[PDB]
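Engineer: Data file my_file_28.txt (compact mmCIF, C-alpha atoms) is appended below.
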```txt
# COMPACT_ATOMS: atom_id res chain seq x y z
CA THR A 506 15.35 -32.21 -5.20
CA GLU A 507 17.65 -32.14 -8.29
CA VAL A 508 14.55 -31.94 -10.53
CA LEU A 509 13.57 -28.85 -8.55
CA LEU A 510 17.18 -27.55 -8.86
CA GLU A 511 16.55 -27.75 -12.60
CA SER A 512 13.21 -25.98 -12.21
CA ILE A 513 14.59 -23.34 -9.77
CA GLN A 514 17.38 -22.65 -12.27
CA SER A 515 15.19 -22.66 -15.45
CA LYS A 516 12.07 -21.10 -13.87
CA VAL A 517 13.89 -18.50 -11.68
CA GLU A 518 16.08 -17.41 -14.59
CA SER A 519 12.86 -16.92 -16.62
CA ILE A 520 11.25 -15.18 -13.60
CA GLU A 521 14.30 -12.87 -13.25
CA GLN A 522 14.09 -12.15 -16.99
CA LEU A 523 10.30 -11.65 -16.77
CA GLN A 524 10.68 -9.53 -13.61
CA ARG A 525 13.53 -7.30 -14.91
CA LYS A 526 11.71 -6.86 -18.25
CA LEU A 527 8.45 -6.06 -16.43
CA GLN A 528 10.39 -4.05 -13.78
CA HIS A 529 7.23 -3.82 -11.59
CA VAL A 530 6.13 -1.26 -14.13
CA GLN A 531 8.84 0.59 -12.03
CA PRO A 532 8.18 3.83 -14.11
CA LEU A 533 4.40 3.00 -14.32
CA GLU A 534 4.60 2.01 -10.55
CA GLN A 535 6.06 5.40 -9.68
CA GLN A 536 3.42 6.92 -12.04
CA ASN A 537 0.71 4.94 -10.18
CA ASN A 538 2.18 5.29 -6.67
CA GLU A 539 2.90 9.02 -6.89
CA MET A 540 -0.74 9.47 -8.05
CA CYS A 541 -1.93 7.50 -4.97
CA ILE B 12 -4.09 42.07 20.20
CA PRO B 13 -3.04 38.67 18.82
CA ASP B 14 -0.76 38.58 21.89
CA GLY B 15 -2.26 40.50 24.86
CA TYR B 16 -6.10 40.48 24.95
CA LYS B 17 -6.30 36.78 24.10
CA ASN B 18 -3.81 36.04 26.89
CA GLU B 19 -5.80 38.32 29.22
CA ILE B 20 -9.22 36.83 28.41
CA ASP B 21 -7.75 33.30 28.60
CA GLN B 22 -6.77 33.94 32.23
CA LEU B 23 -10.28 35.17 33.06
CA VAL B 24 -11.80 32.08 31.42
CA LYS B 25 -9.20 29.97 33.26
CA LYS B 26 -10.26 31.47 36.61
CA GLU B 27 -13.90 30.52 35.96
CA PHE B 28 -12.66 27.00 35.20
CA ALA B 29 -10.71 26.97 38.47
CA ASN B 30 -14.09 27.65 40.11
CA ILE B 31 -16.00 24.91 38.28
CA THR B 85 -12.09 -7.83 17.88
CA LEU B 86 -10.51 -9.75 20.77
CA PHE B 87 -7.68 -11.03 18.56
CA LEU B 88 -7.32 -7.78 16.61
CA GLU B 89 -7.20 -5.44 19.63
CA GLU B 90 -4.67 -7.66 21.43
CA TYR B 91 -2.40 -7.74 18.35
CA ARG B 92 -2.42 -3.95 18.55
CA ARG B 93 -0.11 -4.15 21.59
CA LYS B 94 2.44 -4.44 18.79
CA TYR B 95 3.07 -7.98 17.54
CA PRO B 96 1.89 -9.53 14.23
CA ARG B 97 1.17 -13.28 14.20
CA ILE B 98 3.94 -15.32 12.55
CA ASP B 99 3.30 -16.91 9.15
CA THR B 100 4.77 -20.00 7.47
CA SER B 101 8.51 -19.34 7.26
CA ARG B 102 9.19 -22.77 5.73
CA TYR B 103 8.77 -22.82 1.95
CA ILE B 104 11.70 -20.50 1.14
CA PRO B 105 14.57 -22.27 3.00
CA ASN B 106 14.17 -26.08 3.06
CA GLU B 107 17.17 -28.40 2.63
CA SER B 108 18.21 -31.14 0.21
CA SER B 109 20.06 -33.10 2.90
CA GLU B 110 17.57 -32.00 5.58
CA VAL B 111 14.44 -33.91 6.71
CA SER B 112 11.32 -33.52 4.76
CA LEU B 113 10.53 -34.40 1.15
CA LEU B 114 7.04 -32.89 0.96
CA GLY B 115 8.66 -29.46 1.42
CA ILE B 116 10.47 -30.08 -1.89
CA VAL B 117 7.31 -31.09 -3.76
CA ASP B 118 4.66 -30.12 -1.19
CA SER B 119 6.14 -26.63 -1.18
CA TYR B 120 8.43 -25.67 -4.06
CA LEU B 121 7.81 -27.40 -7.42
CA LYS B 122 4.02 -26.90 -7.74
CA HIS B 123 4.25 -23.30 -6.49
CA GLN B 124 7.11 -22.55 -8.90
CA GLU B 125 5.06 -23.99 -11.77
CA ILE B 126 2.07 -21.91 -10.66
CA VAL B 127 4.46 -18.95 -10.37
CA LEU B 128 5.87 -19.39 -13.89
CA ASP B 129 2.30 -19.67 -15.20
CA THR B 130 1.27 -16.63 -13.11
CA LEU B 131 4.38 -14.50 -13.74
CA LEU B 132 3.37 -12.56 -16.76
CA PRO B 133 3.60 -10.34 -19.66
CA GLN B 134 1.02 -11.52 -22.28
CA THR B 135 -0.92 -8.34 -21.57
CA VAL B 136 2.19 -6.67 -20.08
CA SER B 137 2.04 -2.88 -19.59
CA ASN B 138 -1.36 -2.49 -21.30
CA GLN B 139 -3.19 -3.84 -18.22
CA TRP B 140 -1.18 -1.55 -15.93
CA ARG B 141 -1.59 1.69 -17.92
CA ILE B 142 -5.32 0.99 -18.27
CA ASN B 143 -5.59 1.14 -14.46
CA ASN B 144 -3.35 4.23 -14.39
CA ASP B 145 -5.98 6.06 -16.47
CA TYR B 146 -8.70 5.12 -13.97
CA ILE B 147 -6.65 6.65 -11.14
CA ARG B 148 -6.55 10.00 -12.97
CA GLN B 149 -10.35 10.06 -13.29
CA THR B 150 -10.59 9.29 -9.56
CA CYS B 151 -8.14 12.05 -8.58
CA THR B 152 -9.64 14.98 -10.54
CA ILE B 153 -13.06 14.32 -8.95
CA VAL B 154 -11.66 15.03 -5.47
CA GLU B 155 -10.11 18.38 -6.46
CA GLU B 156 -13.41 19.45 -8.03
CA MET B 157 -15.00 19.00 -4.60
CA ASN B 158 -12.09 20.94 -3.08
CA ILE B 159 -13.19 23.82 -5.28
CA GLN B 160 -16.89 23.52 -4.54
CA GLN B 161 -16.12 23.61 -0.81
CA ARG B 162 -13.67 26.48 -1.33
CA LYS B 163 -16.31 28.61 -3.10
CA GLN B 164 -19.11 28.05 -0.57
CA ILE B 165 -16.71 28.58 2.35
CA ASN B 166 -15.57 31.96 0.99
CA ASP B 167 -19.20 32.72 0.07
CA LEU B 168 -20.36 32.36 3.69
CA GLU B 169 -17.50 34.52 4.98
CA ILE B 170 -18.40 37.07 2.29
CA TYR B 171 -21.93 37.43 3.70
CA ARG B 172 -20.60 37.83 7.27
CA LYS B 173 -18.22 40.60 6.16
CA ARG B 174 -21.10 42.88 5.09
```
Would you put the structure from the file into structure tokens?

Structural biologist:
Amino acid sequence: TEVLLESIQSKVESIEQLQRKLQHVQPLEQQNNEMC
Amino acid sequence: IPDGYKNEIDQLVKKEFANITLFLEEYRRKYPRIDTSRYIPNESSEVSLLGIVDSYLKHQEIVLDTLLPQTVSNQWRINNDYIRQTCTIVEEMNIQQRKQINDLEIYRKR
């Protein structure tokens, strides 16, 4: 469980960094979603 | 008269009228079947070990391998271009229908 607490911390911080950097293409998503 | 003759004729027409799958359809009643609300919560102190490893580690590793960027925005904008080719085609048909519709009315007018 502590090993996973390490993974949740390390992986989720990378996921949050990857997600915020990616931003769900949030400008490309709006570009793509408004076109839909 | 867009207010008298239509109302008059409607009453005359009115007077002549006075004279004369199983799972899917059931779910439609308005309740979606519940999914596995287990993986997210769990508990260190609480019960079950598999949930820790049989739920969170392997999926997080698959997530971190899946969560990506290598291609990044190039893969997204490539699909955005396809959507623009799909959209213009519809509006071209809107025109073709618009022309033939006005063309038929044009013949009636004469």

Engineer: Could you check how far CA of residue 114 (chain B) sits from CA of residue 102 (chain B), in Å to one decimal?

Structural biologist: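 Interatomic distance, CA of residue 114 (chain B) to CA of residue 102 (chain B): 11.4 Å.
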
Engineer: For the contact check between chain A and region 138-142 of chain B, emit one row per residue of chain A within 10 Å, containing the shortest atom pair and the distance in Å rounded to one decimal, counting only C-alpha atoms, chain then rising number order, as a tab-separated table.

Structural biologist:
```
residue	atom	partner	partner_atom	distance
A:529	CA	B:140	CA	9.7
A:530	CA	B:140	CA	7.5
A:533	CA	B:141	CA	7.1
A:534	CA	B:140	CA	8.7
A:536	CA	B:141	CA	9.3
A:537	CA	B:141	CA	8.7
```

Engineer: Tell me the residues of chain B close to chain A, meaning within 12 Å using only C-alpha atoms, as an NGL selection string.

Structural biologist: :B and (104 or 106-110 or 112-152)

Engineer: Taking only N, CA and C atoms, show region 122-144 of chain B of the given structure as a PDB file, in the first residue's frame.

Structural biologist:
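This is the output file out.pdb:
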```
ATOM      1  N   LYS B 122      -1.219  -1.764 -11.118  1.00  0.00           N
ATOM      2  CA  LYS B 122      -1.118  -2.179 -12.529  1.00  0.00           C
ATOM      3  C   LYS B 122      -1.833  -1.206 -13.474  1.00  0.00           C
ATOM      4  N   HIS B 123      -2.965  -0.678 -13.021  1.00  0.00           N
ATOM      5  CA  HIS B 123      -3.752   0.274 -13.792  1.00  0.00           C
ATOM      6  C   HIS B 123      -3.070   1.632 -13.840  1.00  0.00           C
ATOM      7  N   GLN B 124      -2.404   2.004 -12.777  1.00  0.00           N
ATOM      8  CA  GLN B 124      -1.627   3.249 -12.716  1.00  0.00           C
ATOM      9  C   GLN B 124      -0.391   3.180 -13.611  1.00  0.00           C
ATOM     10  N   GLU B 125       0.193   1.986 -13.699  1.00  0.00           N
ATOM     11  CA  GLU B 125       1.368   1.760 -14.551  1.00  0.00           C
ATOM     12  C   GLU B 125       0.933   1.766 -16.018  1.00  0.00           C
ATOM     13  N   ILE B 126      -0.228   1.179 -16.267  1.00  0.00           N
ATOM     14  CA  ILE B 126      -0.822   1.180 -17.611  1.00  0.00           C
ATOM     15  C   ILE B 126      -1.240   2.603 -17.970  1.00  0.00           C
ATOM     16  N   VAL B 127      -1.683   3.356 -16.976  1.00  0.00           N
ATOM     17  CA  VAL B 127      -2.107   4.749 -17.154  1.00  0.00           C
ATOM     18  C   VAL B 127      -0.905   5.609 -17.542  1.00  0.00           C
ATOM     19  N   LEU B 128       0.172   5.467 -16.786  1.00  0.00           N
ATOM     20  CA  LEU B 128       1.378   6.281 -16.988  1.00  0.00           C
ATOM     21  C   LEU B 128       2.052   5.938 -18.323  1.00  0.00           C
ATOM     22  N   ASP B 129       1.819   4.717 -18.789  1.00  0.00           N
ATOM     23  CA  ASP B 129       2.321   4.290 -20.098  1.00  0.00           C
ATOM     24  C   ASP B 129       1.371   4.763 -21.207  1.00  0.00           C
ATOM     25  N   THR B 130       0.102   4.898 -20.844  1.00  0.00           N
ATOM     26  CA  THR B 130      -0.958   5.324 -21.778  1.00  0.00           C
ATOM     27  C   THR B 130      -1.081   6.848 -21.870  1.00  0.00           C
ATOM     28  N   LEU B 131      -0.742   7.527 -20.782  1.00  0.00           N
ATOM     29  CA  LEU B 131      -0.991   8.966 -20.630  1.00  0.00           C
ATOM     30  C   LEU B 131       0.049   9.723 -21.444  1.00  0.00           C
ATOM     31  N   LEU B 132      -0.297  10.134 -22.653  1.00  0.00           N
ATOM     32  CA  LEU B 132       0.790  10.660 -23.431  1.00  0.00           C
ATOM     33  C   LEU B 132       0.608  11.849 -24.437  1.00  0.00           C
ATOM     34  N   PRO B 133       1.698  12.070 -25.100  1.00  0.00           N
ATOM     35  CA  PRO B 133       2.466  13.284 -25.356  1.00  0.00           C
ATOM     36  C   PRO B 133       3.554  13.120 -26.515  1.00  0.00           C
ATOM     37  N   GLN B 134       3.994  11.849 -26.749  1.00  0.00           N
ATOM     38  CA  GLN B 134       5.067  11.600 -27.658  1.00  0.00           C
ATOM     39  C   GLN B 134       4.647  12.273 -28.953  1.00  0.00           C
ATOM     40  N   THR B 135       3.449  11.941 -29.423  1.00  0.00           N
ATOM     41  CA  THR B 135       2.875  12.584 -30.596  1.00  0.00           C
ATOM     42  C   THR B 135       2.377  13.927 -30.180  1.00  0.00           C
ATOM     43  N   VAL B 136       1.652  14.027 -29.070  1.00  0.00           N
ATOM     44  CA  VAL B 136       1.142  15.282 -28.497  1.00  0.00           C
ATOM     45  C   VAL B 136      -0.046  15.838 -29.298  1.00  0.00           C
ATOM     46  N   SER B 137       0.089  17.083 -29.745  1.00  0.00           N
ATOM     47  CA  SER B 137      -0.939  17.858 -30.408  1.00  0.00           C
ATOM     48  C   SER B 137      -1.005  17.531 -31.893  1.00  0.00           C
ATOM     49  N   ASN B 138       0.047  16.912 -32.428  1.00  0.00           N
ATOM     50  CA  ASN B 138       0.093  16.586 -33.860  1.00  0.00           C
ATOM     51  C   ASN B 138      -1.007  15.591 -34.233  1.00  0.00           C
ATOM     52  N   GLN B 139      -1.321  14.661 -33.344  1.00  0.00           N
ATOM     53  CA  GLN B 139      -2.279  13.593 -33.589  1.00  0.00           C
ATOM     54  C   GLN B 139      -3.660  14.204 -33.466  1.00  0.00           C
ATOM     55  N   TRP B 140      -3.812  15.223 -32.647  1.00  0.00           N
ATOM     56  CA  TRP B 140      -5.112  15.857 -32.415  1.00  0.00           C
ATOM     57  C   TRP B 140      -5.477  16.786 -33.563  1.00  0.00           C
ATOM     58  N   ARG B 141      -4.527  17.615 -33.988  1.00  0.00           N
ATOM     59  CA  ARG B 141      -4.753  18.588 -35.070  1.00  0.00           C
ATOM     60  C   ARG B 141      -4.912  17.908 -36.430  1.00  0.00           C
ATOM     61  N   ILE B 142      -4.365  16.704 -36.545  1.00  0.00           N
ATOM     62  CA  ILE B 142      -4.514  15.909 -37.775  1.00  0.00           C
ATOM     63  C   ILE B 142      -5.972  15.463 -37.941  1.00  0.00           C
ATOM     64  N   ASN B 143      -6.609  15.156 -36.811  1.00  0.00           N
ATOM     65  CA  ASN B 143      -8.024  14.764 -36.798  1.00  0.00           C
ATOM     66  C   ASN B 143      -8.927  15.987 -36.961  1.00  0.00           C
ATOM     67  N   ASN B 144      -8.443  17.131 -36.479  1.00  0.00           N
ATOM     68  CA  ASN B 144      -9.185  18.393 -36.599  1.00  0.00           C
ATOM     69  C   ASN B 144      -9.328  18.788 -38.068  1.00  0.00           C
TER      70      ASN B 144
END
```
